[PDB]
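Have a look at the structure below before the remarks.
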Amino acid sequence: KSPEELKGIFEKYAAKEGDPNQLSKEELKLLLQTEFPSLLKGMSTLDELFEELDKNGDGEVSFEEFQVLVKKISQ
């Protein structure tokens, strides 16, 4: 899906507990088990991608890397 929609869902989870502009790890887990839980058939690609996004040295998915990820998902 286009990043414009991603923000709308992203901020809903982000503005819950941790950083209002970044997806806390535990909130990621909630978003994950909502849209793409079993649909990815347990492929590590979801985890390997997110785990490379927090390679800034953080426990929350930063807004930019989240949006740029879905930019490259079309490639």
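The chain as shown is numbered from 1 upward.
The backbone N, Cα and C atoms fix where each Cβ goes, and this holds for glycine too.
As recorded in Swiss-Prot:
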BINDING   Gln22, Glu27  Ca(2+) 1 binding site
BINDING   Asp54, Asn56, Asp58, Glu60, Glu65  Ca(2+) 2 binding site
MOD_RES   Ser38  phosphoserine
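Annotated features taken from Swiss-Prot, shown on the structure.
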| residue | record | Cβ contacts under 8 Å, 6 or more apart |
| --- | --- | --- |
| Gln22 | Ca(2+) 1 binding site | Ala14, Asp58, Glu60, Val61, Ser62, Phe63 |
| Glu27 | Ca(2+) 1 binding site | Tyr13, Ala14, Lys16, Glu17, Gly18 |
| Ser38 | phosphoserine | none |
| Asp54 | Ca(2+) 2 binding site | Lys25, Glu60, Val61, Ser62 |
| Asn56 | Ca(2+) 2 binding site | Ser62, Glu65 |
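Counting other C-beta atoms within 10 Å of each candidate's C-beta, the binding-site residues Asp58, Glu60, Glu65 are led by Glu60. Same-chain neighbours of the Ca(2+) 2 site beyond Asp54, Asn56, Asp58, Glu60, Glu65, judged by a C-beta within 8 angstroms of the site's C-beta center, are, in sequence order, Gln22, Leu53, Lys55, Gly57, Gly59, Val61, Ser62.
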